[PDB]
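Line by line, the protein sequences give chains A, B, C and D.
Using full-length UniProt numbering, the letters of the first sequence map in sequence onto residues 84 to 160.
Using full-length UniProt numbering, the letters of the second sequence map in sequence onto residues 5 to 193.
Using full-length UniProt numbering, the letters of the third sequence map in sequence onto residues 669 to 720.
Using full-length UniProt numbering, the letters of the fourth sequence map in sequence onto residues 1 to 15, 53 to 228.
Here a beta-carbon is modelled for each residue, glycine too, at the ideal position from N, C-alpha and C.
Read through the structure below, which is laid out as structure tokens, and then see the notes.
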Amino acid sequence: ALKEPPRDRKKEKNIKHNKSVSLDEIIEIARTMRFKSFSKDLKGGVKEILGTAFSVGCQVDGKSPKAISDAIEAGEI
Amino acid sequence: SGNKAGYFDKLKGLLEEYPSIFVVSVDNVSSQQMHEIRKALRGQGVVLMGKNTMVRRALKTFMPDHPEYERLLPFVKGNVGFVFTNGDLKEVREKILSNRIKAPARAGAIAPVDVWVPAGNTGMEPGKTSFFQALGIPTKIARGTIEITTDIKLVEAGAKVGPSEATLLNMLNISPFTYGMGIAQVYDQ
Amino acid sequence: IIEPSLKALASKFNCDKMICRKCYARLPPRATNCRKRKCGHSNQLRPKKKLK
Amino acid sequence: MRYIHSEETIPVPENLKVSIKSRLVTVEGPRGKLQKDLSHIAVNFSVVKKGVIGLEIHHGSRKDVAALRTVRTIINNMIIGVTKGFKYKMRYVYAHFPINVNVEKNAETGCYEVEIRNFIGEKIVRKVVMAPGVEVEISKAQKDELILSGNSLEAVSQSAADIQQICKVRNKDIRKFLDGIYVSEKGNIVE
RNA sequence: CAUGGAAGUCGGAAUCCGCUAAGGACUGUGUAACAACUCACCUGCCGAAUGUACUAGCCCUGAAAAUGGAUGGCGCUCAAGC
Ligand SMILES: [Mg+2]
Ligand SMILES: [Mg+2]
Ligand SMILES: [Mg+2]
Ligand SMILES: [Mg+2]
Ligand SMILES: [Mg+2]
Ligand SMILES: [Mg+2]
Ligand SMILES: [Mg+2]
Ligand SMILES: [Mg+2]
Ligand SMILES: [Zn+2]
């Protein structure tokens, strides 16, 4: 859903890699709906999974989705 | 063998902190069945199984930390698990006995007891009557539903179930197998 | 026509074989060395060509 | 490199008797009697326990020790055959010309004889005679089966191979002409 | 992302996490598309070894000619050979 503007018709025939989205609590906010359906020890595990889940988006600017999840230095909530 | 090292410290750390250890004999049970009991017992107690610990509990016997560990050495033979918990014996006596699954036959599975289909109406589509005629079962179609007029023996107890009958057992919701957790003798109880 | 299972049974005896590259001998499917002596027990084997 | 001691064991069930003399083995049980001669192999037979037969080789080479396990399974096959028998099955495989067989009864002796007609539409009538102790039957369970049964695995199997080897196609692509009779299952008479 | 339809398995581009002792955003089979099935990985049985690549001794393949035929002959196999 966090995609670049509108996905207009007749534009997906060519490459459609222009879906870059920002990496912030906005993606983390959307993780609360799932609420760690399969164990994961509350949202702490889900936050790491959800953060790296959007691996195609490559997070925001220099930061990468894998580095943020790998570095265990952020707050639980 | 990075995970191998993680097993050694995990086993020794958890055994000493919990004074009560319960052994469980689980065999040929679906993985999902252990998944739910792990989540159901997630709050209290942790279940953990691995390969036989030929010297890993014997190492716990060498130091005088628990003279009673060396008494429990011969009880392990194979596919026997241990449960680490702090609850009372009475409350955990039947706690892990829940969710006995209904295992279907596997095209030749030995039925311990004679299986019989009582007279009744299947209620399914009459296009499947070819399956009934394979066994030569007397069936009469009433109101578009297949009816068994007279009971027909499926397979004798202790005999291999026919591959057609084993498949036929699936849609009839009848099978001789009921899989559940097994309780082994613990601490000479 | 031939029943599918029967055609599989017959093919096991004259279709699924290994062939030596030196003496054209028939070998078992999992063989690694020819069994005949005139080729020196060579290990240059190729599968039997399928029909298509 | 010569190995000092190599040993194998054969259990014996409490139903039959076995006697060995001058490397000649005689096995007798509920379903009959069989004999085998092993005078060409240097083996030492002995009675390990009340119902176990032991055999061993001393100071043998790598090639000599190899035959030790071969002897053990052959004698075990004899024990199985006299208490459970053997049973082979065969099937007919044809595309256009049906294959007709006639398993006539004993021909004034214990031997059975099998007649095969109309192989790929040929005018030969081809005849094979089975070894003694082997009985050939036309199956009634389902179509196009030959059932061979007997006491000894060596005689039953070789006779079955005789039937398969006689139905051959010549000067044709055998990947296309799959005509013939083939063996499909091996097992015992009991269970 | 793709889309009459592609749920691992037309195709294009990425390869994280939960639960565990272990099972891959999968090596095939397979569905219009799901499914089903296989493999991968781990567990139960057993009882002490196992896997890959190289070096050089005897032997074997490579080894086809014209009268009958020559380790000198007979013959020899834990040799009467090296
Ligand atoms: Mg031709
Ligand atoms: Mg030479
Ligand atoms: Mg000479
Ligand atoms: Mg010479
Ligand atoms: Mg001389
Ligand atoms: Mg000497
Ligand atoms: Mg001399
Ligand atoms: Mg010398
Ligand atoms: Zn060859």
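Would you grab the beta carbon distance between residue i and residue j for me? Rounded to a whole angstrom, and I think it's under 8 Å.
i                : j                : result
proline 135/D    : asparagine 114/D : About 36 Å; that fails the 8 Å criterion.
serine 29/B      : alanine 188/B    : 4 Å
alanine 62/B     : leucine 76/B     : The pair is not a contact, with the Cβ atoms about 11 Å apart (cut-off 8 Å).
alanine 198/D    : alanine 168/D    : In fact, because the Cβ distance is near 11 Å, the residues do not count as touching under 8 Å.
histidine 77/D   : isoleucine 4/D   : Their Cβ separation, rounded to whole angstroms, is 23 Å, which puts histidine 77/D and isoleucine 4/D out of contact at 8 Å.
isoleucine 218/D : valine 165/D     : So it is not a contact: roughly 11 Å between Cβ atoms.
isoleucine 670/C : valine 130/D     : 7 Å
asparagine 56/B  : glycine 82/B     : 7 Å
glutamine 201/D  : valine 220/D     : 6 Å
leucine 183/D    : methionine 127/D : 4 Å
State yes or no: is the C-beta of residue i within less than 8 Å of the C-beta of residue j?
i                   : j                : result
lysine 124/D        : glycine 224/D    : yes
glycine 170/D       : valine 119/D     : no
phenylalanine 88/B  : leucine 18/B     : yes
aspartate 92/B      : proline 122/B    : no
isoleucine 90/D     : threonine 63/D   : no
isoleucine 150/B    : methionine 128/B : yes
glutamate 111/A     : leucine 133/A    : yes
residue 229/D       : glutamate 93/D   : The structure shown has nothing for residue 229/D, since chain D only spans 1 to 228.
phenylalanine 118/A : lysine 130/A     : no
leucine 695/C       : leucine 674/C    : no
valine 138/D        : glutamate 159/D  : no
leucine 106/A       : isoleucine 151/A : yes
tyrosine 183/B      : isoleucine 105/B : yes
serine 186/D        : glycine 122/D    : yes
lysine 720/C        : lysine 685/C     : no
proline 180/B       : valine 119/B     : yes
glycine 131/B       : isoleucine 152/B : no
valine 173/D        : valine 140/D     : yes
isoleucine 116/D    : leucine 53/D     : yes
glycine 88/D        : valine 55/D      : no
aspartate 216/D     : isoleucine 157/D : yes
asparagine 90/B     : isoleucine 41/B  : no
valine 165/B        : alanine 109/B    : yes
According to the neighbour-count rule (16 or more other Cβ atoms, all chains shown, within 10 Å of its Cβ), is residue i buried or exposed?
i                   : result
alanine 113/A       : exposed
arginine 703/C      : exposed
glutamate 169/B     : buried
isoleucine 112/D    : buried
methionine 116/A    : exposed
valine 59/B         : exposed
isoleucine 141/B    : buried
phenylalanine 12/B  : exposed
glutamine 179/D     : exposed
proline 89/A        : exposed
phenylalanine 136/B : buried
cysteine 148/D      : exposed
In the DSSP output, which residue or residues are listed as bridge partners for residue i?
i                   : result
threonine 89/B      : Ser24/B
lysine 146/A        : Paired residue(s): none; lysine 146/A is not in a bridge.
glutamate 172/D     : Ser186/D
residue 721/C       : Lying outside 669 to 720, the shown extent of chain C, residue 721/C is not represented and no answer is given.
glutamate 87/A      : Looking at the DSSP assignment, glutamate 87/A forms no beta bridge with any residue, so it has no partner.
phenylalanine 123/D : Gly187/D
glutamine 72/D      : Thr63/D
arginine 694/C      : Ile687/C
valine 139/A        : DSSP lists no partner for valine 139/A.
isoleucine 153/D    : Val138/D and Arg163/D
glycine 124/B       : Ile152/B
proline 11/D        : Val89/D
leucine 52/B        : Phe86/B
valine 102/D        : DSSP output for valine 102/D lists no bridge partner at all.
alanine 146/B       : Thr149/B
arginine 128/D      : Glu182/D and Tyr219/D
Residues of the region 154-176 of chain D whose Cβ lies closer than 9 Å to any Cβ of chain C, in chain order | Taking a C-beta cut-off of 9 Å against chain C, none of the residues of the region 154-176 of chain D qualify.
When you check each C-beta in the region 678-708 of chain C against every C-beta of chain D, which residues fall closer than 9 Å?
-> When C-beta distances to chain D are compared with 9 Å, the residues of the region 678-708 of chain C below that value are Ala678, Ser679, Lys680, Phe681, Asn682 and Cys683, in chain order.
Please list the residues of the region 203-222 of chain D that have a C-beta atom closer than 8 Å to any C-beta atom in chain C, keeping them in chain order.
-> Against chain C - using a Cβ distance shorter than 8 Å - the residues of the region 203-222 of chain D are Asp210, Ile211, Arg212, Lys213, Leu215, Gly217, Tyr219 and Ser221.
Return the residues of the region 190-204 of chain D that lie within a Cβ-Cβ distance of less than 7 Å from chain C, sorted by chain order.
-> Taking 7 Å as the Cβ-Cβ cut-off against chain C, none of the residues of the region 190-204 of chain D qualify.
Residues in the region 118-139 of chain D having any Cβ partner in chain C nearer than 7 Å = Per Cβ criterion, the list reads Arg128, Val130 and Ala132.
Selection of the region 708-719 of chain C by Cβ proximity to chain D, strictly under 7 Å = So the close ones are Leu719.
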